[PDB]
Every structure is written in C-alpha cells, then in structure tokens.
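The data below hold one chain only, encoded as structure tokens and taken in the form deposited in one PDB entry.
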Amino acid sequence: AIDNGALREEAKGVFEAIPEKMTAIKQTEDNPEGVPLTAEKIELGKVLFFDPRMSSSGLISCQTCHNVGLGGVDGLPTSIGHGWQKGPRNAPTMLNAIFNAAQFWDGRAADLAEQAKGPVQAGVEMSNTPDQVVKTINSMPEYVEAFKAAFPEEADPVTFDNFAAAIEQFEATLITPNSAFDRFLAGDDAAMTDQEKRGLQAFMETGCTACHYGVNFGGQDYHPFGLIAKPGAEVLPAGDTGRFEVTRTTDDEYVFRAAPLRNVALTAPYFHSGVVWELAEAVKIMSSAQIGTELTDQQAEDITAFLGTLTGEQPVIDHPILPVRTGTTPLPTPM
C-alpha cells in the first residue's frame, strides 16, 4: 500500500531538507550574499548563550530554558525563570529557528538578533538590563578582547546590539540536518518505516501542509488556533490572544504562528500552552480544530510516527569555558 516514488514526489513539492551547514544569513534579492557568519561571532555567541552571568541572578542562561540536550527546550509546560517566576508560554526550540519567518509564538520579533533582546530584559526570564549586560562583559578582559576582534571596525564594539548579533550568529549554526525524512526525501526508501510513510501520506492528504510546509514544517505564517473548531480552555487559555497582542486587529484573536514541527518528538509538551504531553493527542487536536476531521487512532499514531522522522542530528556542543569574573564584575542578585 506504499508507493515510495509517489510519496517522495508529493513531498518534494511542499517540503525541503535542512541544509548541511550555514555560511550566511539574511540573503535577499536586494542583498544576495547576505550577512556572513564568522567563526569569531559564532564562538562569541556560544559563550554568551551559556553564560548565566548574563542574567541578573547569575544563574540563568539561554541554555537553562533552551537545553541543547533536550531538543533546545526546557520540557516544562511554561518556562520558569528569575525568582522561580512562571511564564505564560511554552519555550520553543532554538534549533532551526533561523529558518522561521518571525520569532516567538506571535511573531513579534523579526529575527534572532531582535529576539535575543527579549529574554535578557524580561522579569520572568533573565530579569536584566542592556547596560548591566554591557558592564558585565566589559569587566572581563577575555570577553572585551573577543568583542573587539569580532566587531573590528567599531569604536564601541561591546554593545547590546552586538551581544544580540553574536547570539544570532551562533544560533544560525544550530540546525539539524539528516533526519530520516530528509534522508528519505534525498532517495533512501529504507530511511523510513512503512508506518512512518503511512503517516507522511496522511499528513499530506489530511491538509496539515496548508500550515506546516517548507524547510521547517511550519514557522512561516499565522493562523487561528481553532480555524474550524475551538480547542479546550486549557489548550487555548482565554487570556492569551496571540497575534492580537501584536497587531490589535480584530481578525487576529487566538491567531498564532504555525509551529515549525522539526524535532517535535523531542519538545513535549505541546502548543503554546504546554498542557498536552502526548504528541498523538496534539495531532488529534490539530485535525479536529484546524481541519474539522476526526482522525482514526491509526491515522493519529501513523502521523505521530511520521513526526518522529523530523528529528535531525542534534548539535554536539562542547560547553564553553567562561571568562573568570573580576573585582568589579556586578555581583549576582538572585534575591
């Protein structure tokens, strides 16, 4: 009941593979070469991503909530940050985030550099200020040396904007090539089991591809959560109106960015609300809410199996050795 060639041909018309490596970002028709990724900026960004002294507590880094061992997420319903404060939304992965059209569940940041300024300043996340970050960095000569070399022409290289640019460069390399689906797409019939291929068939036939398409199986545009039927009160909490918070436009109530499904098997729990632990349940909810069809248990299990083939090679990251604090480095303030 499986036609590999047919399945592959349909899939190539709507999805594409994650690239093997990244060398530039922000390529447009207007600026075709884009912004080069540099070894110095990637390395600086890695150090900063793992440095919990970028938070006011001294205890929270990006890695705290975007754990590179847990698919780039924290595995909690919603994140817990400074002072144990609980946030409103589930932490999405930074893996492959570079390919999404906008960042956050409501698309309120245009790119990774704009995004990175948010957690630093948010009271429920790192609860810090831009000038505190700069003063912290400037207190450690190895960090200053790195910024001066990474941003070589600038009179003022150690800036919050450049902190964000370095993090963006590092995150642009956090991609996950060679998932079983990408290997099947490239020609290996044996890369996926029959059940996983039945799931791929069902995902394409049911209409999931209207919102989950391209390189990231999502992440490109915005849709009501409940296009055809509302999900429950716990899954769609009434107080989080999604895109409406950004656009203040009537049609945008409970409109969210389509989740990019790469590595979804690693990033439970699901949806922006984080109350659905079972991926098969998220699949059933999506069919009911977005398409108005009830999936059979077999179709939901098949689709869930298929979604597992979107797990790519996870980055192997040696934890950086952080610069040592000096006498005027700001003291941690967890309390």
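Note that residue numbering begins at 1 and tracks the sequence as displayed. The term rigid core refers to the maximal set of C-alpha atoms that superpose within 1.5 Å between the two forms.
The deposited model assigns a higher average Cα B-factor to 204-212 than to the other stretch when 91-99 and 204-212 are compared.
When the two stretches 64-72 and 24-32 are set side by side, the higher mean Cα temperature factor goes to 24-32.
The residue among 171, 106, 252, 125 whose C-alpha atom has the highest B-factor in the PDB entry is 252. Per the deposited record, the Cα B-factor of residue 315 falls in the middle third when ranked against the other modelled residues of its chain. The deposited CA B-factor of residue 231 belongs to the highest third of values across its chain.
Per the PDB record, residue ranking by Cα B-factor puts residue 79 in the lowest third of the chain. For residue 223, the recorded CA temperature factor ranks within the lowest third of the chain's modelled residues. In the PDB entry, a CA B factor belonging to the highest third of its chain's modelled residues is recorded for residue 300.
Separately, the form deposited in another entry exists; it is not shown, and the next lines address it.
Core superposition between the shown form and the other one leaves every listed residue (219, 199, 72, 119) with a C-alpha shift below 2 angstroms except 119.
Relative to the superposed rigid core, the position of the CA of residue 183 differs between the shown form and the other one by less than 2 Å. After superposition on the rigid core, the Cα of residue 160 moves by less than 2 Å between the shown form and the other one. Once the rigid core is used as the reference frame, the Cα position of residue 59 differs between the shown form and the other one by less than 2 Å.
Distance between the C-alpha atoms of residue 98 and residue 114: longer by at least 3 Å in that other deposited form than in the displayed form.
In that other deposited form, the separation between the C-alpha atoms of residue 247 and residue 208 shrinks by 3 Å or more relative to the displayed form.
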